[PDB]
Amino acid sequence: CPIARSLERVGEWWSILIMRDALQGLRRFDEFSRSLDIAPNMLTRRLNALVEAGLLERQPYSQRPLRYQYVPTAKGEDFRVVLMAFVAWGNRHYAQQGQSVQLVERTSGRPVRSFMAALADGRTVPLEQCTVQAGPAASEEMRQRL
């Protein structure tokens, strides 16, 4: 479908699906395989890359054969925002009826129109109104890059 294609093109589709399932409690290689309908060799490469990226950590599960489960890391827990963003990105310019994947309010089924930025004072502004800039701790090199 269109959002899978965009997300594959940008290299995040499987990471999004696996991270999502890991954050929902899936742990064992076979859980991932059956639930995501993904071939083993590819599941393995994608798990290892999530691990190398520091988003999941492998932890012993059993002895003979020694098998591992995959549990999210504090970073991976935080990565939820990024995954959600990739979907809002992928759904940009697609009408809601028709969408195969949606960012919604978990309580109702209410779809998310857009991300907003919450400032310290209470106010919410659109992202178009925000910018990436150098921070107080930034080196000379960082300042130049920004």
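Don't overthink the numbering: it's just position in the shown sequence, from 1.
**Request:** Take the C-alpha B-factors listed in the entry for 135 to 143 and for 4 to 12, compute each mean, and give the stretch with the larger one.
**Result:** Per the PDB entry, the higher value belongs to 135 to 143.
**Asked** Comparing 56 to 64 with 29 to 37, which stretch shows the greater average C-alpha B-factor in the deposited entry?
**Response** Going by the record's values, the stretch with the higher mean is 56 to 64.
**Message:** So if I compare the CA B-factors in the entry for 100, 48, 107, 91, which one is the largest?
**Reply:** Within the set 100, 48, 107, 91, 107 shows the top C-alpha B-factor.
**Message:** Which third, lowest, middle or highest, does the C-alpha temperature factor of residue 83 belong to within its own chain?
**Reply:** CA B-factor rank for residue 83: lowest third.
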